[PDB]
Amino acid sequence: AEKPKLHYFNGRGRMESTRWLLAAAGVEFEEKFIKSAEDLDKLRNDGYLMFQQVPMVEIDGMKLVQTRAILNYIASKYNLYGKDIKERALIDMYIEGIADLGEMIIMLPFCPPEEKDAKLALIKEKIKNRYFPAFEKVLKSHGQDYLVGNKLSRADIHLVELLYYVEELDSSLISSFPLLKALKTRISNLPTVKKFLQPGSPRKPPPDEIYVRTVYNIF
């Protein structure tokens, strides 16, 4: 059985939460980068893409598409999805809030220039008034090092990845949230995450204008 092989553009977009989770889990993977519309159309025409889209991951005999299908499978396989049905409800609730905020961040570079200020201001408002208070409250309420079950789960990994993007956006947004600051440091120091955070890993950068244009070209 192979290393999982990740099909996506050479950028963050919709594959980056899978790169984080696999790296957090200590799992070696390979990437086949889509550089053109022709690369994508060949995957489609070869029947690799159930819904004609990427992300797609080749893992344990499957060609899985859909971010959540990929991540649930990885989380479940590497015991990062809790130990029972009630922990999974907490985990799902948390990571779905993270996905919603995440989505706004992923979509942001693609919005018309005249809308950016308004959209960014709204993401900053939701971070401050909605999402950071929600997660700080979880940490504050049980006083434990991990969001759920007193042990590392995907929710920790997904949230910390998000705290890194929020820092790139505005380093002060986290300032009033000391338990989130502390979660970020703790998880960043786990050997697997520490290595993924270091130069030269598969961690992808923020999108620049050449990438924004390229992603269009790939559609």
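Counting begins at 1, following the sequence as shown.
Two stretches are in play, 85-93 and 107-115, and the higher mean C-alpha B-factor belongs to 107-115. The mean Cα B-factor in the deposited entry runs higher for 207-215 than for the other of 192-200 and 207-215. Compared with the other modelled residues of the chain, the Cα B-factor recorded for residue 44 ranks in the middle third. Residue-level temperature factors show residue 28 in the highest third of its chain, judged at the C-alpha atom. Sorting the modelled residues of the chain by their CA temperature factor places residue 66 in the lowest third. Residue 79: CA B factor in the middle third of modelled residues in this chain (values from the PDB entry). Per the PDB record, residue ranking by Cα B-factor puts residue 176 in the highest third of the chain.
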